Structure formats: structure tokens, C-alpha cells
Amino acid sequence: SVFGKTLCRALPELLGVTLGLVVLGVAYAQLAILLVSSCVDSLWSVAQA
Amino acid sequence: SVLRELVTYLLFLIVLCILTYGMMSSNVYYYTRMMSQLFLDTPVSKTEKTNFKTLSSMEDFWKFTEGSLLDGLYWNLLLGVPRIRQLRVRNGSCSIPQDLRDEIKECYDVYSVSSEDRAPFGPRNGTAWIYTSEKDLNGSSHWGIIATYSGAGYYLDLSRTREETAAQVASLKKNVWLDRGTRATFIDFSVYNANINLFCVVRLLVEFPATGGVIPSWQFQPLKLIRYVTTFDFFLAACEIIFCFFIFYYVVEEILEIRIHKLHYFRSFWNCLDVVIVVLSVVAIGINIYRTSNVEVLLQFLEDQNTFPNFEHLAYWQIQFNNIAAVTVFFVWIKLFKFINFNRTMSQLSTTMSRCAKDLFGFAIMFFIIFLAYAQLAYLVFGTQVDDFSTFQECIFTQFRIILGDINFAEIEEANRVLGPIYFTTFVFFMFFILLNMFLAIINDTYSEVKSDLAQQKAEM
Amino acid sequence: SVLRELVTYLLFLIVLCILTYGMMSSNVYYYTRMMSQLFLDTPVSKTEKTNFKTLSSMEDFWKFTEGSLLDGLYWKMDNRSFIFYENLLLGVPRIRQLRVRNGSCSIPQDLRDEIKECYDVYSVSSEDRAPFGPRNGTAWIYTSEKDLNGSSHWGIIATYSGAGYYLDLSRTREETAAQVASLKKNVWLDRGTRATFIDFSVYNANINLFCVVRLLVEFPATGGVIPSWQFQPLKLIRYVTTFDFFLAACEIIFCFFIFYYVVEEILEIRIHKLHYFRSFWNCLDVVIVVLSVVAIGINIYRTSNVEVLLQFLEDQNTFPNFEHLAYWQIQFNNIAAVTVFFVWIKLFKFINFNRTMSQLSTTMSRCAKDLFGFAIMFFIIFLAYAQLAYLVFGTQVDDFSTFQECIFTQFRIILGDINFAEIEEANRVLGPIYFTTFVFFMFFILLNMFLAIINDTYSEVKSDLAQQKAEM
Amino acid sequence: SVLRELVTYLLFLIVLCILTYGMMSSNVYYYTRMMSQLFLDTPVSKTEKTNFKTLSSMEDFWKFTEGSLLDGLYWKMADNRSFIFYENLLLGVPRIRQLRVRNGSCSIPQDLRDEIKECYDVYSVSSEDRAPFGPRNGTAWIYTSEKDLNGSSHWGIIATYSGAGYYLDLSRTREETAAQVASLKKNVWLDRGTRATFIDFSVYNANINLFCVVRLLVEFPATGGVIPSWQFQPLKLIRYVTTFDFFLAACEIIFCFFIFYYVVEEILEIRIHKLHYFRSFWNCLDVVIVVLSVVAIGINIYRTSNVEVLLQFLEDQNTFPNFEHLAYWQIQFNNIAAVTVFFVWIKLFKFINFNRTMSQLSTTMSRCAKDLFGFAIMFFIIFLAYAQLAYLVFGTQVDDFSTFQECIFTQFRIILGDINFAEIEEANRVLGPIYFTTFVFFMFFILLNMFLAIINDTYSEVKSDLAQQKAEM
Amino acid sequence: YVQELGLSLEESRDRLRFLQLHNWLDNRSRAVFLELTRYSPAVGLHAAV
Amino acid sequence: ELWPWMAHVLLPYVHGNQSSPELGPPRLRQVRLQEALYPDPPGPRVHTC
Ligand SMILES: *[C@@H]1O[C@H](CO)[C@@H](O)[C@H](O)[C@H]1NC(C)=O
Ligand SMILES: *[C@@H]1O[C@H](CO)[C@@H](O)[C@H](O)[C@H]1NC(C)=O
Ligand SMILES: *[C@@H]1O[C@H](CO)[C@@H](O)[C@H](O)[C@H]1NC(C)=O
Ligand SMILES: *[C@@H]1O[C@H](CO)[C@@H](O)[C@H](O)[C@H]1NC(C)=O
Ligand SMILES: *[C@@H]1O[C@H](CO)[C@@H](O)[C@H](O)[C@H]1NC(C)=O
Ligand SMILES: *[C@@H]1O[C@H](CO)[C@@H](O)[C@H](O)[C@H]1NC(C)=O
Ligand SMILES: *[C@@H]1O[C@H](CO)[C@@H](O)[C@H](O)[C@H]1NC(C)=O
Ligand SMILES: *[C@@H]1O[C@H](CO)[C@@H](O)[C@H](O)[C@H]1NC(C)=O
Ligand SMILES: [Ca+2]
Ligand SMILES: [Ca+2]
């Protein structure tokens, strides 16, 4: 009976973790999509890292 | 008090998330990739199944320069005239060993400023056979693949019609222009899209190593011309001025606040993040206003002219502005967390991280020590064979991709049959079963301790 | 105090890094890249599409040697050859073969009347030594290993001797073509042929860096062709420039550091502190000094004997025998790379400056015995699965051809790099059972046990350091 | 004493490893690869790109037959034999067979019996044709029963085909076989009633004493299309030729003696001592090991005792050598032996308890198994619930969910990250991405972590009990 | 544009040639949208192509 | 070039005396759009639609 109870009581924590993960992912995705815009095809190390 | 900060942050974020929309929604990527396919992968001629990306010989370069290049330059095109230049080295710049000089009588060192050649060669007629310094050649460094190339060299500028450029390149090929001393060659031009508003500066470099063969590389840079003829322009102009007002408000309130906390202000993470955001924003605004007040040659070359448009001082600033207005967006987005950490079940998830960061940084140091040991071993073992470990940066990035599951393992095993698989197996085992679990151990212990102290010392009265 | 050890180790690390940076001359990769592209990817003829990497029969091999090989070897400006107008071809290339003798195995009496000849797999005890063909030259007479200055090779199927039937080609295409045509007319590759080697070298005087090229073709006893290649950029004219003298001085500085380390370590265990092996850093130090002295010995032994280069210089119309130098250079590179890796992980002896690093190091050291104990069980299970996979797919898949291939493939399954389209069709039942059980037990059981052990150990260490401290 | 059983187990393991090394000989993989690439990768002719692996119609089968097949089978050196790589001798003659069905074995609706004049059912034993057809002169046009043909069932991909049908034994020369297949193609042999076709032959390769049996099957489903499959199996039927073979025989005898010792030791204990004996999990492993070993010994004895097919083939060598049963039993023996070796190696955990860390881990695993089973019930229920949804929604368009077991395998491959989204996405614009994303989240974020919670709790509890009992007594 | 494309026996090709020659949908034609039917008498399932 | 396609693989598949119970003649339903289109684009064509 424990397995069902645990997943029921950890829902707020798991939802908070997913919200943080998706906010961080949105930030990084916008950084990446706005970062290149060049089509250089070379080791632009500072921008490549 | 908190509500005012929340509403002003949402306003500053809603203006910013639509100000960046006008930067990524201009379809510049489509134009750049259209030009890339137009100039790169089209075959030199129908009888050769080769393109600029797969050049391998000097004759391939001569075929390309009279071929797909002319077709692309001649068929919203040809801002002024293109230019082609070369950098070469000096006979005798390297020393032949004594016991072998009886058979070999020429030595051409790798490219260096000290070994560069400045004497005239061939028929002393014009600019193609005389050395011009960097200061009067209107150029700068390039930072190529196997060396860093100066802005000097032997240059020649073509003309506005296909026939005369073809005649010029045929004359150059007739009396040999690319000897054994030729180390690099550059082709530069500019194209005006003229459709809505967009330039494109195109640079092509071919490198001749001291051993043999060629190495091609390319660089396309889309500029930007500012003009307001549609509501889609005035809307972004208003957004930009409101954004500038927002930085003004933030900086004036920061100056107001620092008066009371001249030293007791730089200990909290949020305030230092705010000040780095505002300084990045003011730098971006300064670069933007510097660049926008340079419309004097952007339209001067639209008329038919026979001069090379030296559009490098603008591309550099266009590149430098993009990759600092991107980190600003990242930092603005990650400041939203401060407003999120107000729920009763959300402040635990933030205090946990703020309490375990001290140990996370130290274990990151140790992890990177081990990571660099593996990277250096891989560089020393697979350096000359694999092409994924050809340079140290490539070794680091290849290891990072191996962690994420981007293995090749074919040439890794081919290069070295023993100590090649050993490296792979040990790296995978340690990075998959041991090393990446310690971060989770630290986080777990911190979360347990935080929860225990928060639920035991509180929730008892 | 202790900072003397820190500064000594920092100086040693700087010297080692200087040595390895000088050893790793930039853009040597492109040299070998162009050589391999010229000799390995060119089609054997204008008509066909096969290259050296895709040889399939003896006729393909004969088309290679009268084709792409000769086109790449001989370039147009007797006169010498320059492979890319820069790489000088040294002397002449050499072609050798190893073959077995007819009757080297036994045909069962049941069908002896139908089959007359059998040729065994290659082995030293079963190789032919008798003349054959038009017995006039050295290509038809067996020459011993000692009279040929050869050595073993350790190919893919077997380890081949340094003897065999050899021929030295010419300096010009117009004679090498005739020699190869003459070898092709009078059949030189029969059913007894087991291996063939082609060897040569180039110089490229621009940089100071030789290149030794060896190509191998193996003919298994079941028909077919297996090709292999090796390009090694040696360096034999060490002292030409100032940086060369700088590296030479750094070498003797490294020797002094190694001598100091070994004398200090042996002084520490003359009669002082018998059996210090209970510690871990001491074992690391003795491993480092052993590896360093082995590397120094290898370097001294391979650099004091370059007479094979003096001779070739006396007469530049012979075969430059440089395979021993390439082999020892590879050995030296392996030893040096391992030594550098083990030297780098010695920083953990010194990163204890704050308290957080001390806690992290204590936790890392205290979770060693539990992790070793569980790794024993993990590897028992891993090897059981590897043996099952080897016995089931060992003749069909080619990722399970050998036991070590099975181990590597199992390590790559975890990262998701296999087909499973060939695993499922090689055996429809017991094929997918292995895959599903392996994935389940590796992901949902063993990884979680590793993390559970680490979490418990970290919690206990933090707890008892918070108990003994701040409470006394 | 523990030492006695330990040393006898190590001796058993050594002889098992010797047997496995002996049976897995020198590189037979290269033998198999050369044969497979010769017969499966060469294009059917010099102007098409189709090989046997990518057959797509009935005319492609005819192109392959009088084509790449004869090119690979017959190699030029009075009616001289053929050596495939100048080393592999072709044994006797190849054979070609087909299995058909009957016209009118189907049910056409009465409202459609005016533009549909013939329906052929799917293959089944109760529906296969047995009547002569075409130019009913030879054996290719006359049915032959399974007993007159010495055949057996096959278990192909679509169905399990019997060992009967219409067959031809080809010739030893390229010209005669080409004429035979041209005659078969002229007087139409493969028609809409054809359901399966087999090609069978064998080679020897006297260099390493090892036969190779080759079977190629092409299935024609009732719904149209072509499905090819292949099988190359190496065998060893003349074992005793070298000293190593005698060494292997001695090792096999030693293995039989060890198995007898283990079974008698088992029965000496099960008799009276500890009548229950089943609450150990080590006794179950021992009994399954001995059962698998005795099954393998029985299969080996039944298989190597009769080689009368080889003896009959050695009388005259112008006939078809029938080695299919030997290959079938070789595959069965290989499977049984591999599983036995795996379990014998697993049995080693019974002896690694030499310190206080091994016992801790073993106790942890033993105490965790029960609730791991309890939660694995739920994990498998949810896994099968996702699998059946994938089967019902994507099972008619995607080829990765076409069968239920294939759905299970694809779901296991998704965990490793070996997913191809390029075909699943357009199979259903909605419920396609939903299935994938929910599966990934609830498999990595939820169900993978409950296993950790359980294991972590039981390990910590075991350590706490072992440290509270100790240092307090 | 509903074109029957019937004439099962032999005149289907004639109808196709007449449509091509008369320029039925030469210019200003977005899609073709050809679709008829299927019927597997053995398995007992129909199909729409 | 879809007319050769129809004449080569479609009509033999429909009216051929082989396994293809069609159950009803085929059909064609194209569009006209009531407006012509410009010629082929030199270099790059339309992005998607
Ligand atoms: C320059 O080249 C010529 C021939 O190309 C050669 O004779 C001369 O030695 C070279 N110069 C030096 C300094 O080697
Ligand atoms: C280089 O120097 C300045 C840069 O604008 C200019 O006056 C001069 O004409 C340039 N030289 C050229 C364009 O050849
Ligand atoms: C090979 O050896 C056998 C054994 O004596 C002999 O009969 C046969 O003629 C030999 N064949 C050749 C080609 O040497
Ligand atoms: C073998 O070499 C001798 C010496 O030159 C030559 O006369 C003879 O023709 C050669 N044999 C053949 C078959 O060419
Ligand atoms: C082997 O080395 C010796 C060195 O004294 C040399 O004379 C001999 O020619 C070499 N062998 C061959 C086949 O060249
Ligand atoms: C198949 O049987 C039907 C009636 O059962 C008959 O009309 C048809 O002609 C038959 N076709 C062949 C090929 O025997
Ligand atoms: C059937 O076999 C007989 C046997 O003599 C032969 O005469 C006849 O030609 C064969 N039928 C055909 C169609 O070839
Ligand atoms: C089946 O086996 C028997 C036993 O020798 C043999 O006589 C018969 O020819 C075989 N069947 C066929 C079709 O060859
Ligand atoms: Ca020491
Ligand atoms: Ca027992």
C-alpha cells in the first residue's frame, strides 16, 4: 500500500521540480536559438561552448 | 512592496520577450542558408562530382574559381566588386638537415609572420604581384584553422561583368599564381538582398598546409539595415525606447538603494545578478546606438561602383551585439525564480540548492580535474588519427558528447586496438556509475537535512 | 612545512606538460589524413568503385597494385618522386608475402578421393619454406626472418612472422609496373598465400617529420580478403631548431626529477616505515616512478640506435627499414600518455585547503571498499551476460565476434549505440530475451544500487563528522 | 566442508570454460560472412540495385534465380565439381521447392461473384494443393508427401510451412541448371497460388573441417508482396581428426561424470535430509542447472549418434545431401548450452561472502527482492498497458509496432534512447506525441525513481541493524 | 475536377492521352488527388488508397 | 511527369490480369484555383506553400 501513497503525497514537490526544470529549459533554449544566427561552420569557441 | 516589483518585472519581461521576437523572426537564417547552398555544395561543373566543401587539390581550386563561383556572382547581387588575395611564405625560411640537403633544395616553413614573403614574383605588373602591408590594405587578422593569418598579402579585385573577371582569372591561372609557397587564399565579397532590408558579407578561405592538400572554410554574416515603413517597425521602435526607459528606471532605483547599503548590498545573489543584467543592457544599448549611426556607406554602394566594400568593421559589431543580447535574455529569464520562491512548498527547493551550492562547486572542481585527465590522455593517444580528438577543445567536446550518448568507437578502436577500448570502457564506467552519482548524493543529503531542520524546529509550537 | 612537496610537484607537472606539448606538434593530423585519403579512398581503377578498404578478392588486390597504388606512389615533376610536391619518397617500396604449404592438414578418409589439397590456417610451424614458380629471384625463394631484419606484426586473424617471399620495387613507375606484371603473369598469389605486406616511407622536409606506411592484406583459409593499414609519423633528426634544444634540456630536467623522486622514495623505505603500502598515495608514486623509468629506458634504447638511418643515407637506392622505430615510438607514446594521466590525478593529494574539500575527499575515500565489493558482483554479472552473448551471436552479428568485442558492445548498449535489427534476426527467441533482461537489470537495479551506496556513505560521513565536531 | 564444494565447483567451471572455448572455434564468423555477402548482397544483375535482402515482387525472384544465385553457386575451375571460393566444395546438387494452396479454398461474397472469379486462402495444411498442374511430367509438377521427401516443418515468418510440396534437384553444372530454371520460368511455375519457396544446399571447405548448410526462403503472403529470409549454419560432423578433438572428447566425458556426481549428490540429500529443501533459491538453481545439463547431454547423444545422412551421401555424390535436421539440432544444442553456461556462472554468488562487505550486499539484495517484486508487478502492468495502446494505434502503419512483442522491444529500446521519431510522428498527429512524452516522463521521472527509493531504504535499514547489533553486545 | 478515367478494358490509356493532349489541368493546378480502392478477398479486409 | 507514372505503374496495376480486385473504377479530382501561377523560381523555390 505504500507505493500508491508516496506518489500521492510527493505531487506538489514533483510539480515544483518540473516547473523549475521547464523554466530553466526555456531560458537555455532561447539563449541557444538567439545565440548562433550566423551559419559560420567553424570553431567559434566562445560561442560554441 | 513585492507586488510592485512583480508587476514591473512582468512588464519588463513582456516587452523583452517580444523585442527579441523581431530579431529571430526576420528570416535571416533562411537567406543565409539559401546563400550557403547556392555557393558551397553546387558542383564545380557537370563533369566533376566535387564542390567547395570537398576540395582536395590546387587544380580543384582553379576549377572552382572559374566555375560555380562566377555563376553565383553572375547570372540583388554584386555590391561593388569582389576581391581575392593570397598569403605566401619565403623560400629558405626553414633549414634542411645537412645529410639530406644533397637531394632536397627547397624548404617552405609553415605560415608565420617572421617567415612571410614580401618580395615581388612573376610578372611585375600590378597589385597581384606586389606586397601591400596590412595598414594600407584596410584589413586585419582572421584566426583560421591551422594558423592566424594577417591582413596583408597579394590581392586583386575583379570587376562588374562576368567576362572580364573570367579573363582576369584565366590570366592569373595562365602564368602560375599559386606556387609551393602559397599558404592561404581569401575570397571576399558582399551581396545586397534588396528585397526588404538585409546585407550578406561572404568570406571564403582555402588553406594550403606545409605537407600538402587544401582545407576549405567559409563565413557568411548577415548585416542589418534599420528603416521604419510598416507598423511592424514602429512597434519595435517603441518597444526599444520603452526598454531603454526600463534600464533607466532600474539603474536609478539601484543608485537610490545603494545609497543606504553602500557595502551591505553585494552579498545577495539577486542584487549582483540585477547589476550584471543592467550593465550588460547598457553595454548593448551603447553598441546599438553606435551601430545605428553608421548609415553613410550602407547606401553609398547601392549605386554601380567599382570599389570593394570593406564591410568588416560592421560585421564585428553585429556579431558582438548578438552574443551579449543573448546572455542578457538568459539572465532576465533566470531572475524569475526569485518571484517563484514564494510558495510554502517551493522555498524548500530553493533553500536546498542555496545550501548545497558550496559542496557542488568543490565537487565540480574535482570532477573537472578527472575530466581533464581523461581529455589529455585521449588527446595524447588519438591525437593524430581520429579527427574528433585532433585538438584539445575537440577532445573536451567529444567527451561531453560521449556522456550524452554520441559514441563512434569505430575509428577509436581502429586507431589503437589496446588502450583505445580501455579508455572508452573505463571512462564510461566511471562517468555512468560513479562520478555523476555524487552530485545527487550531495543534493539528497542537503534536502534531507533541510527538511528535517525545517519540520522539527518549526511545526512544534 | 608541506609546501615544499607542492612546489616540487608543480615544477614536475610543468616540465611534463612542456614535454607533452612539444611531443604533440600541432597539425600532424593533416599529414597522415592526406596520406590515408590518397592511398585508401582512391578507387582501384577509373571504372570500378572499390578502394583498399573494400577489397573483396585477389583480383581486386591485383587491380590495386596496378592502379591507385602506383598512381599515388609516383608523381610527375632518374628523377625522384614527391608525393604532394613536398613528400619525398625514400628509396623503393617493398612487397612481401607469407604462405603455407600443401598438405599442412589432414583430409578425412571419407571424401579423400574428391579433395586433394588442404592448406591450414597460418602458423609458424606450418608455413612453406620451399621454392616455387620460376625459381630465379628473391620473390620465389624463402628468406629467413634474421636475414631479412623482420619482426612479428599481430594482424587481425593471426600474428605473422617477419620472413617470407619478398621483392623490392623500383624508383620509377615504368619498371615497377613491369615487375608487378611479371609477378602477376607467373602466378604469385596461389591458394597457399596467407598474407601480403606493402611497405614504404616518405620525408616531407618542410616540417621535420618522417612517415612510415604499411599496408596488410590477409587471406583467410575460408576465402576472402581482410585489409589493414598503418601510417606512423616518426621524427629522427631531433636537433634542428632552438625549440629542439629546449625540449632536450627539458628531458634531462625530467630525468633529474625522476632520479630525485626515486631516491627519496627508496630512502623512505630503507629501514624507515617498513610496508608503507597501506597508504594509497605511495602506491601511486611508485607506479609513477616505474612508468617513468620504463619510458626513459625505451627512449634511450630507441634513440641510441638510428644506424638504420645512417645506412640508408649511405645508399639511397635500397629499402629504408623503419618498422622497429615506428613500433617503439608507438610503445613510448602509450607509456607517456598513461604516465601523464597518472601524474594528473596526484593533485587530489593537495586539494584539501578548505573544509568542504576535506569532507568531499573523506567521503570519496570512505566509499571505496563498498564500491569495490559491489563492482565485483557487477562484473560477475557483466561477464556472464558477455559469455551468453558470445555463445549465441558469436558467428552472425560481428559485434560479438570475439569476447572483448562482446564486452565493448555491452558497454555500448548502455549508451544506446547498437542496431538490434541484426540481433533480433540472428536469433528470434533467446535473442530479444537477452536484450530485455540486460536492459532491465542494468538500468532498474544495478545503477540504483550504486547510487544507494553512495548516498548512504555520504550521509553517514557528514553525520559523524558533524557528530565528533561541534559537539566536543 | 565449504572448501570441498568450492574446489569442485571451480573444477566444473574450468571444464565448462574449456568446452565453450572448444565449441566456439577459430573464426567461423568470417566463413559465415563471406557466404552471406556472396549470396545476399550482390545485386541480382549488373544493372539493378536489388539483392536478395530487398526482393519486392515475383519477377525479382526469377531475376535472382537465373542470376546472382547461379553466379555464386558455380565457379569455373569432365564435369568438374565447383569450389565456391576455390576452397569451399559444393556438395551434390542444390534443391528448390514450393508450397502452394488450392483454388476455391476461399469464400467470395455472393454479391461480388461477378468480377471476382478466384480467391486463394492463406497458407494452411488443410488448404494446400495436392493435384498435378502444368506440363505434368516431372516431379516439379507432382505433389510429394512429407514422408517421401524426408522433410520437416520450418516455422517461417508468416506461418509454419510443412516439409512437402513440389521440388526439383538442380544439376552440377551452370548450363544444365540454367536450362532447368529457364524451363521452369517458361511453363509458369510460380503463380497466384504459390505461397512459399525454398532453396537448399551445402558446402564443405576441407581446410577447416566444417560443413556449411544454406537455406533461403521466400514467402508470398495472400495479401501480396514478398518476404525473404535466410539461414547459414556451420556444422562439424567428422569430429575426430586431430588431437585437440580427442582432448575435447575427454573433456566431454569429464563433464558427463561431473553431471552424474551432481545429480547423485542432489538425490542423496533430497531423500530424507530436509524434505522441503526449496526455501533456499540455491537448490532451485542447482536443479535447473542439472536439468539443463541432462537435456543438453541427451540432445548431443541423439544428434551425434546418427550421421546416416552423411554416410548415405558418401555412397553417391550426385544427389541432394539432407542436413536440415542436423542444423536444427545444432541450433537447439547451442541455445541450451549457452543458457547453462550463463546459469553456472551466476551460481558463483554462493561463495563470495569472505568479509563483512559481501555479506552486507547479499543481505541487502535478499531483503529487497520481495518488495522489488511487489513494485515490479505494477511496473509491468503499466508497461503492458502502454504496449497494447501502441499496438492498437500504431500497429498498422509503423512496422515498429506491428506485433505485440515488437511493441515490447521498441518500448525497451526507447529507454536506451534508440528511438526513431521520423515514422512514429506522422502515424497519428494526435496521440502520437502524447504517448511518447507521457511514456518518457512517467518512465524516467517516476517509475525509475521508486526502485531507487525502495533499494535505498532497505540498504540503509540493513546497515543500521548490522551496526546497532554490533558494538552494542 | 471529377475525371472518371474509366474505360477499363483498353480505352483508359486513350482517355489519359486525350486529357493530356487537350491540356485538362496543365496550368493552374494545385494537387491531383488520385484515389480508388482495394479489396483483399482472402484476408477479408478492404482498403482505401 | 506524373502522366508517364500513371501510364506505367497505375493502369497496369488496375486493369492488369493479376491480383488486384479493385471494386469500383478509379477517379481523379484536381484543383484549378481560378488563377494561374508564376514560372519556376530561378535558384530557390517557394519555402513550403
Ligand atoms: C630557393 O630556391 C632555389 C630553387 O628553387 C634553391 O636553389 C635555393 O636553395 C632556395 N633558397 C634557399 C635559401 O634554400
Ligand atoms: C585604406 O585606408 C582608408 C580606410 O577607409 C581609406 O582612406 C583608403 O582608401 C583605404 N585603401 C583602399 C580602399 O585601397
Ligand atoms: C598436394 O599434396 C597432395 C598430397 O600428396 C598431393 O596429392 C597433391 O598432388 C598436391 N597438390 C599440389 C598442387 O601440390
Ligand atoms: C628469371 O630470371 C632470369 C635472370 O634474369 C631470367 O633470365 C629469366 O627469364 C627469369 N624467368 C622468367 C620466367 O622470366
Ligand atoms: C638486413 O640488415 C643488414 C645490416 O647489416 C643488411 O646488410 C641487409 O641487407 C638487410 N637485409 C636486407 C634484405 O636488405
Ligand atoms: C478457380 O475456381 C473458380 C471456381 O471455383 C473458377 O471459376 C476459376 O476458373 C478457377 N481458376 C483456376 C486458375 O483454376
Ligand atoms: C515433360 O517431360 C517429358 C519427358 O520425356 C518431355 O518429353 C516433355 O518435353 C516435358 N514437357 C515440357 C513442356 O517440356
Ligand atoms: C528420402 O530418404 C530416403 C532414404 O535413403 C531416400 O532413398 C529418398 O530418396 C529420400 N527422398 C528423396 C525425395 O530423395
Ligand atoms: Ca611516498
Ligand atoms: Ca543444493
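Chains as they are written, first to last, in the entry's author numbering: chain A, 4013 to 4061; chain B, 219 to 293, 313 to 698; chain C, 219 to 295, 304 to 698; chain D, 219 to 295, 303 to 698; chain E, 3819 to 3867; chain F, 3722 to 3770. Just so you know, even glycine gets a beta-carbon here, dropped at the ideal spot from N, CA and C.
Close to ligand 1, as judged by a C-beta nearer than 7 Å to any of its heavy atoms, are the residues B/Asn328, B/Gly329, B/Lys342, B/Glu343, B/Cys344, in chain order. Closest in C-alpha terms to C/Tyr386, from the list C/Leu415, C/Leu393, C/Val350, comes C/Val350. Our two residues, E/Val3850 and F/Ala3728, have alpha carbons roughly 15 Å apart in a direct line.
In the three-state DSSP reduction, B/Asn313 falls in the coil class, being neither helix nor strand. With at least 16 other beta carbons inside 10 angstroms of its own, C/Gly599 counts as buried. For F/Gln3751, the nearest CB of chain E lies under 8 Å from its own CB, placing it at the interface with that chain. Of B/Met242, B/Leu316, B/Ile383, the smallest CA-CA separation from B/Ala431 is found for B/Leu316. Ordered along the chain, residues surrounding ligand 9 are C/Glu491, C/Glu494, C/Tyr502, C/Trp507, C/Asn508, C/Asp511 [Cβ under 7 Å from any heavy atom].
E/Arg3833 is outside the set of residues whose beta carbon lies under 8 Å from a beta carbon in chain F.
Distance between B/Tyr391 and B/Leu324, taken at the CA atoms: about 7 Å. With contacts defined by Cβ atoms closer than 8 Å, C/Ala652 and C/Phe619 form a contacting pair. By the CB criterion at 8 Å, D/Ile383 and E/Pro3859 fall outside the cutoff. Under the 10 Å beta carbon count, D/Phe230 is surrounded by 16 or more other beta carbons and is classified as buried. Think of a sphere of 8 Å around the beta carbon of F/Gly3745: the chain E residues whose beta carbon falls inside it are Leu3854, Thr3855, in chain order.
In this structure the stretch 519-528 of chain B lies against the stretch 552-559 of chain B, because at least three pairs of beta carbons, one per stretch, are closer than 8 Å. According to the DSSP assignment, C/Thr422 belongs to the beta strand (DSSP E) that extends over 419-428. Chain A places a beta carbon closer than 8 Å to that of B/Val246, counting this residue as a contact. Against F/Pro3733, chain D offers no close residue; the least beta-carbon distance is about 12 Å (beta-carbon pairs closer than 7 Å). Within the DSSP bridge table, the entry for D/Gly390 names D/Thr369 as partners. In the displayed model, B/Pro459 falls within a strand according to three-state DSSP. A straight-line Cα-Cα distance of about 6 Å links C/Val687 and C/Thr589. Collapsing the DSSP output to three states places D/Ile321 in a strand. CA-to-CA, the gap between B/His379 and B/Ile452 works out to about 15 Å. For the stretch 549-575 of chain D, the set of residues with a beta-carbon nearer than 8 Å to any beta-carbon of chain C comprises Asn559, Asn560, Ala562, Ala563, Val564, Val566, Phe567, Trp570, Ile571, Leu573, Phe574, in chain order. The closest heavy atom of ligand 2 lies 7 Å or more from the beta carbon of F/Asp3761.
In summary, the residues of the stretch 463-476 of chain C whose CB is separated from some CB of chain B by less than 8 Å are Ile463, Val466, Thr467, in the order they occur in the chain.
Under the three-state reduction of DSSP output, C/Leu617 falls in the helix class. In the DSSP assignment, D/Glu284 falls outside any alpha helix (DSSP H), carrying neither H nor E.
The CB of C/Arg306 comes closer than 8 Å to the CB of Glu340 in chain B, given here in chain order. Going by C-alpha positions, D/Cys593 is about 6 Å away from D/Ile680. Between ligand 8 and D/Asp373, a heavy atom-to-CB distance of less than 7 Å is present.
D/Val443 is bridged by DSSP to D/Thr422, D/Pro453. If you look at D/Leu677, you'll find it in the alpha helix (DSSP H) that goes 673-694. Using a C-beta cut-off of 8 Å, the stretch 278-289 of chain B makes contact with the stretch 257-269 of chain B, since at least three inter-stretch Cβ pairs fall below that distance.
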